[PDB]
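So the structure is just underneath, and the comments pick up after that.
Read-outs: derived from the displayed coordinates by stated rules, not from any lab. Here the Cβ positions follow ideal geometry from the backbone for every residue, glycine too, while neighbour counts run over all protein chains shown.
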Ligand SMILES: NC(=O)CC[C@H](N)C(=O)O
Ligand SMILES: NC(=O)CC[C@H](N)C(=O)O
Ligand SMILES: NC(=O)CC[C@H](N)C(=O)O
Ligand SMILES: NC(=O)CC[C@H](N)C(=O)O
Ligand SMILES: [Cl-]
Ligand SMILES: [Cl-]
Ligand SMILES: [K+]
Ligand SMILES: [K+]
């Protein structure tokens, strides 16, 4: 028998089985409703310091593989599931879930009532928690660790996951037939985009490459001055963990960009960051949006899109500057989902146009960003 | 495909498959003829800094279990085998050999011409060597590490494996029925024996208790004086790694003990120490004695025993002081195997009376020690 | 799981192909696949309590039949799959013959192995921990009963002793991301219960007929729906119990509370246990609920309408012949033969033509 | 491996028990169990090249037969086991049936799996890396051939190409801990060769008959020894090639050099390759070596004594009658019939009684 235990800040206990590394894990606890894409989810840097509970009972049905990694490592702090399948069954698999977790040194627990946990988080709101996996899991210790967690509000995590030094990205999207492409050649990409790495997902980069952008991935703290020096065709603000709020450096730099005519586009954290620099305020949601079936209306066109969501903070629509027009809203809760600067070539989306995992409905968000870029090169 | 490679000093290579931990291992390469007892061998402290090559092709047929552990960890530097069996098929098995190796972080290779290696070692003599298990083992590097190795000659290993502090041992031997018995209450054991841990094998301790001895395991460098304070019923000198010659502390101590009337008994390393202490000299064997089919003759009785052997150095019969009588001799090569002090209740054996693994044929040597103690106490 | 009726079509090709031959279907929900599958099996209305064997272990010819049943699927294949694992067939072996994803196969085999342990330890080895694990895998009391070699009520007794009962989760289209006001539930062995029965009203429970079969169709369902709609309109809190996905009865709008469960004694007692209804109707879903009436009544269920016994009176050839007699009514000549020659004689008595009812 | 003769005892009970019924036995030496096991199978003299199949894959009744053979062992059980794996039975299942330790069974299963690969990839897929893997497992040329749909020679040539040849290790009683002056060797696919053939003496090779069976006893072995004793005495370097553990022929004292190997074309050729004898005697070991003579000579083996053809002359029913004719000798009236009715006519010719040879 391999025990494991999960304890919430409020004292709630969940007893299960250890399916990953031996040890302890602490972080904010969340639930994601994605029936597929667990690997992608686990490898999302945005999940840094969060303990991920999956609502879909059977997690690991397809094992894992490299192409399904959205970053170089597993960023989730811990994984909480209802059931770990006996086997992985998919031509794409290269290593079973449990093995993968152990490899990445992830504390994970299975066999617990994830529905009870979900309903609790929904009703009471997010909560920090601690998973302990080992011979005899100390429930009082776990509760200690959880209660001591500083929490995500006001925590800059973007500076934690970002890249140390700048680098290039010219690799495109995966294909069933060919797999993951060989990185393009610089001369094979018309546009040059500078992307701020706030803990950026690979799919965003790949997709941008798919649309003809050669990329320069820059550390979160990179000054606007340094960027501007590279003569960007466009500036992109990646997704990532924590509160956008405390990221002074980014906001500052962005404001700078906003003085210029360089097109700016941001996704999730980048949306937030954009809104902040534009003088809007960001709030911490009760429980957030974590899943792949979230309806978002494009208010302009009056069309709905099924989207992939992964965020705990939002832009207050009621503090939006007049220079910030609303472009999309959640059909689930009415929360702000998109904005466009009425006076600048800058826009952002709260959701994940790049999906991975999730529906491709929002990818056209990218196209607009290309538009701007094309136009900008016109001038 | 998990490569592994073994290179020797002479630059002789062995391409294999990795069955243990990833990484590299370096030391003296030896060969052992035991067809059973792999686990016990591996966990033999006497093997510290030594790479173990087993002659019997199929190693791991019976998996592993705790009760077959001769010490707390695997002391052998690395493991070289012909074949690692698909499975372990033993009711006593608790963990497959590969897993076990990995667990203990041991670099080990299989699928090599273990016979060719054996003949080499037998013909040319021991050789230092290096194993490299990894994605693309570097021959050159392995040869470098191999040649770089300092060499066991003159190397005190006893001080590296001995216990930090002193302790009490009151546990006896295993039984098919009973398994490993609970540790005996101190008031239960008739005699008190003080044993110097030069990297002492558990079985020796167990077999002593089995004979009514309570034990005090003492750090190698322990002083004679400290010892004599405990008022020992008898003193025991264990087996252990490296050269016995550099062991100045012990020799001196033993000499002290040798002025006394306390009965003294040493095994293997302990036997070499006892001989140095008495005035003789040791020598490093060409390849030594590593197997469990070694015939030794009790020259006094003129009887033969099949004995367990693990030793690369030896007591030169030619330098024996006169206070040192020859008790046993190897039937294989004619080498010294046992001695008795003509003037003191002091004797030692070059082979392993405690076996594990191997023939119980030499067990009665213990009996004699007892006899000395029983008689001592008579006084 | 589809429901078939081959037995009714003697001369028919009973192999499954691209042309549908099923006459109905059952559905089940569980927190796990094993649980989900097992529940479906015991709610199939074929006499199955889960993975009941089809071939004996000591039949030398077993593997041959098993092989045939796997290679060329009939309605019994699901059961032959477990028998295959029982007989020493590997998952790969079974895969090559059936082409059913290993992901599912490995799960069935696990059930078998567990079944093997139960068989081995007997009812004595059925500690609270092990029995809970079993229930979580969807094992029916009836199935455990058989392996342990005891009556089903014994397994159920045990659960009451360990306080081993299921909880009810609700369907909500959104993995609990939003709250619901509907009461569409299923049982499972988990921690939190979402039933939250009312103490408020007088409840009426209506038992459906499970999957439809020939002779047990929609007609019965229709009757079941009407009961619900009527009593609900009259002011009762209506509870519907059924697991036929095709029907209006399993439409959350048809009743105040819907339990999409196997219509078995085990499943129904658990719901009654917490609902504590005022009355239960067993007379409208056909054979399925009718066959439960007696056990239900005896387990202490407030069955309403025509009593179990009365029904029995009528269904039992004997009790009936006796009533008819008593009323002085006309009934065709009849006999109850045991042997051949006995019937020849009796036949002589009764007269040809004859109607021979097994 | 024991050698049996049940086909000579039609009425006999061919199942294995506590009373011996084997007539002989063969032995093999391998650096691994797999190698050792397969070598023995191929030296058994029963027409096997290793784990040749007993029942067909498309046979509906196949799992039944296999099961029987596994539960109540016969002399063919070893073959039925591999067949069990092919047919999808699991190690555990086989074990439950045979009680043979899994340690052994798993190795056979491996072999069956590799076998499968071969089959699939054909000769094309027989790269040097793989072929060498297969060789180290004990696979015989003839076995791989069958799998890949080629002549045994094709595999052999293939090996010659990759310069894929076994090495010979010696027996010394002490796991190489000590040097030997004895020349007792076995083939394996390893690195270092211990053969060290002399360039010195004229060498004469004697091929034994393998395991004894009825009709091929010690009598032939007696001969073989005598050949060795004699020629050695005469000053030739004598080389025995036999794998019968019971005989004097496999006593290291009987010859200068002893190769304890399967008396097969493959194995022999390999020894001749490095030995390059002056001559090879195949007329003393009985049917085993005899049947090899033709192929050996063709492969360029220096077959001494009565030529293989000459031999054939005698053995061939037709080649012989001719010679008899030629010598104007008396032979019983014979006829070669194809059909029944043919016989009856031809029989009337010859005359009863008759001796019907297949
Ligand atoms: N998904 C992201 O890129 C960031 C979301 C942001 N960190 C939040 O939790 O609201
Ligand atoms: N095994 C022992 O006790 C003695 C070993 C010693 N280190 C040697 O090589 O001689
Ligand atoms: N089961 C219930 O009664 C749930 C009530 C509440 N509305 C919820 O969805 O949590
Ligand atoms: N193979 C041989 O010719 C043996 C040579 C030598 N006597 C040895 O034992 O290595
Ligand atoms: Cl729980
Ligand atoms: Cl090698
Ligand atoms: K649990
Ligand atoms: K090799």
Zone reached by a paramagnetic label modelled 7 Å from residue D:335 Cα along Cα→Cβ, restricted to the range D:298-318 with backbone N below 20 Å, covers D:317-318
Of all DSSP beta bridges with both partners in the range B:151-379, the antiparallel percent, nearest 5, is 60 percent
Helical mean residue ellipticity (222 nm; -39500 (n - 2.57) per DSSP H run of 4+; nearest 500) of chain C: -12500 deg cm²/dmol
Could you let me know the centre-to-centre spacing of the range A:100-141 and the range C:244-311, using Cα atoms, in angstrom? 39 Å
Gyration tensor (alpha-carbon) shape descriptor, chain A, a/c threshold 1.5: prolate
Using a label point 7 angstrom from Cα along Cα-to-C-beta, what distances in nm, from shortest up, separate residue B:103 from the other copies? 2.3
Percent RCO, i.e. relative contact order, over chain C, from Cα pairs under 8 Å lying at least 6 residues apart: 14 percent
I'd like the distance between the alpha-carbon centres of the range B:316-334 and the range A:163-197, rounded to an integer number of Å. 76 Å
Using only the alpha-carbon atoms, how far is helix B:114-124 inclined from the longest principal axis of chain B? Give it as 0 to 90 degrees, nearest 10. 60 degrees
FRET efficiency for residue A:176 and residue C:101, using Cβ-Cβ distance with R0 set to 22 Å, rounded to 0.05: 0.70
Neighbour counts of other C-beta atoms within 10 Å: give me C:278, C:137, D:39 arranged from fewest to most. C:278, C:137, D:39
Suppose we consider the axis relating copy A to copy B; can you name the residue of A with the nearest Cβ and state that distance in angstrom as an integer? A:102, 6
Could you tell me what percent of the DSSP beta bridges with both partners in the range A:36-181 are antiparallel, to the nearest 5? 30 percent
Between residue D:253 and residue B:375, what is the label-point separation in nm under the 7 Å Cα-to-beta-carbon projection? 4.7 nm
Percent antiparallel among DSSP beta bridges confined to the protein assembly as shown, rounded to 5, stands at 55 percent
Expressed as an acute angle from 0 to 90° and rounded to the nearest 10, what is the orientation of the C-alpha long axis of helix B:139-148 relative to the principal long axis of chain B? 20 degrees
Could you give the distance between the Cα centres of the range C:65-105 and the range D:172-195, to the whole Å? 50 Å
If each residue's Cβ is checked for other Cβ atoms within 10 Å, how do D:205, A:207, B:285 rank with the fewest at the top? B:285, A:207, D:205
Only helical DSSP H runs with n ≥ 4 go in: add -39500 (n - 2.57) per run for chain A, normalise by residue count and round the 222 nm mean residue ellipticity to 500 deg cm²/dmol. -6000 deg cm²/dmol
Along Cα→Cβ at 7 Å, what distances in nm separate the residue B:148 label point from those on the other copies, shortest first? 4.1
Taking the Cβ of each residue in C:276, B:201 as the centre, tally the other Cβ atoms inside 10 Å and list the residues starting with the fewest. C:276, B:201
Shortest-first distances to equivalent copies, position residue A:13, nm, label 7 Å out along Cβ: 5.9
Report, to the nearest 10°, how far helix B:364-376 tilts away from the longest principal axis of the Cα atoms in chain B, using its own Cα long axis and a range of 0 to 90°. 30 degrees
Normalised contact order of chain B, rounded percent, pairs of Cα under 8 Å and 6 or more residues apart: 15 percent
Spin-label pair residue B:326/residue B:299, simplified geometry with 7 Å Cα→Cβ offset, distance in nm: 0.3 nm
Taking beta carbons within 10 Å but only from partner chains, what does the mean come to for residues C:167-175? 4
Expressed as a whole number, the average count of other chain Cβ atoms within 10 Å around the Cβ atoms of A:114-124 is 5
Could you work out the relative contact order of the range A:1-150? I mean the mean sequence separation of Cα pairs under 8 Å and 6+ apart, divided by the number of residues, in percent. 37 percent
